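Trainee: Okay, here's the structure, questions in a sec.
Positions of Cβ are backbone-derived with ideal geometry, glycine not excepted, and every protein chain shown enters the neighbour counts. FYI, it's all coordinate maths here, none of it is from the lab.
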Amino acid sequence: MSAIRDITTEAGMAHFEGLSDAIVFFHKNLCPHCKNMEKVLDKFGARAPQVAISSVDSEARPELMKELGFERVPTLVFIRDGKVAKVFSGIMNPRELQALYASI
């Protein structure tokens, strides 16, 4: 169990138009690599109640990835005022993810 769950039911620009401060993780089904970042985001969100964090299957949501320029990779996307304010593809530890968020 963790606070980071797959949401396809509302995601992308039409959900971003409603939000003030949020984070979306574009994970994949097969690849073991994506599965780690959920545990990182859980520990990151546990001490930050005021940000809306979720994940989303990039193989179910490929029409969005076309607009941000993503290929097939574990991408963290950060939304402020409904605008993409910060973005990166890959994995990191929860110590260093604090500086990534602080940079925004």
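Trainee: Quick one: net charge around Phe78, please, counting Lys, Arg +1 and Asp, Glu -1 for every other residue with C-beta under 13 Å from its C-beta. Let's see the in-between values first.
Mentor: Details: positive: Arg80, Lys83, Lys86; negative: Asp21, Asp81.
Surrounding charge for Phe78 is +1.
Trainee: May I ask you to work out the translational diffusion coefficient for the chain at 25 °C, viscosity 0.890 mPa s, via Stokes-Einstein with Rh from the Kirkwood sum over Cα pairs, reported in whole µm²/s? Don't skip to the answer; put the middle values down first.
Mentor: Values: Rh = 13.7 Å.
The diffusion coefficient I find is 179 µm²/s.
Trainee: Okay, next question. Excluding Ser54 itself, what net charge comes from residues whose Cβ is under 14 Å from its Cβ, given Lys and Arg +1 and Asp and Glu -1? Show your work: numbers first, answer last.
Mentor: Working: positive: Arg5, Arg61; negative: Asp6, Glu10, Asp21, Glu38, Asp42, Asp57.
Combined, the nearby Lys, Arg, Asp and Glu give -4.
Trainee: Report the one residue of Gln98, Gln50, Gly18 whose Cα lies farthest in the direction of the positive end of the charge dipole of the chain (charges on C-beta: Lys and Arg +1, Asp and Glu -1; origin at the Cα centre).
Mentor: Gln98
Trainee: Moving on to the next point. Can you tell me the length gained on complete extension of the stretch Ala3 to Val51, counting 0.36 nm per residue apart and subtracting the Cα distance?
Mentor: 16.1 nm
Trainee: Once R0 is set to 25 Å, what does the formula 1/(1 + (r/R0)^6) return for the Cβ-Cβ distance between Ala85 and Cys31, expressed as a FRET efficiency to the nearest 0.05? Before the final figure, lay out the partial values.
Mentor: Values: r = 26 Å, r/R0 = 1.06.
E(calc), rounded to 0.05, equals 0.40.
Trainee: Another one. May I ask for log10 I(q)/I(0) of the range 41-87 at q = 0.28, 0.31 Å⁻¹, from a Debye sum over the Cα atoms as equal point scatterers with solvent left out?
Mentor: -1.19, -1.27
Trainee: For the chain, what is the calculated [θ] at 222 nm in deg cm²/dmol (nearest 500), taking -39500 (n - 2.57) for each run of four or more DSSP H residues and dividing by its residue count? Walk me through the intermediate numbers first.
Mentor: Values: 4 runs with 29 residues, N = 104.
Mean residue ellipticity, 222 nm, calculated: -7000 deg cm²/dmol.
Trainee: Let's see if you can work this out: charge +1 on each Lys and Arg Cβ, -1 on each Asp and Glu Cβ, no other charges. What is the dipole magnitude of the chain about its Cα centre, in debye to the nearest 20? Before the final figure, lay out each step's value.
Mentor: On the way: 13 positive and 13 negative charges, 78 e Å.
Charge dipole of the chain: 380 debye, to the nearest 20.
Trainee: Given an 8 Å cut-off on Cα distances and at least 6 residues of separation, report the relative contact order of the chain as a percent. Display every interim value, and only then the final one.
Mentor: On the way: 156 pairs, mean separation 38.3, N = 104.
37 percent.
Trainee: Taking 0.36 nm per residue of sequence separation and subtracting the Cα-Cα distance, how much length would be gained by fully extending the chain between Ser103 and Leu19, in nm to one decimal? Write out the running numbers ahead of the final one.
Mentor: On the way: separation 84, 0.36 × 84 = 30.24 nm, distance 1.99 nm.
Result for the pair: 28.3 nm of gain on full extension.
Trainee: Give me the net charge for the shell around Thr9: Cβ to Cβ below 13 angstrom, other residues only, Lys and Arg +1, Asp and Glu -1.
Mentor: Details: positive: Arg5, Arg61; negative: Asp6, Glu10, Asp57.
Net of charged neighbours comes to -1.
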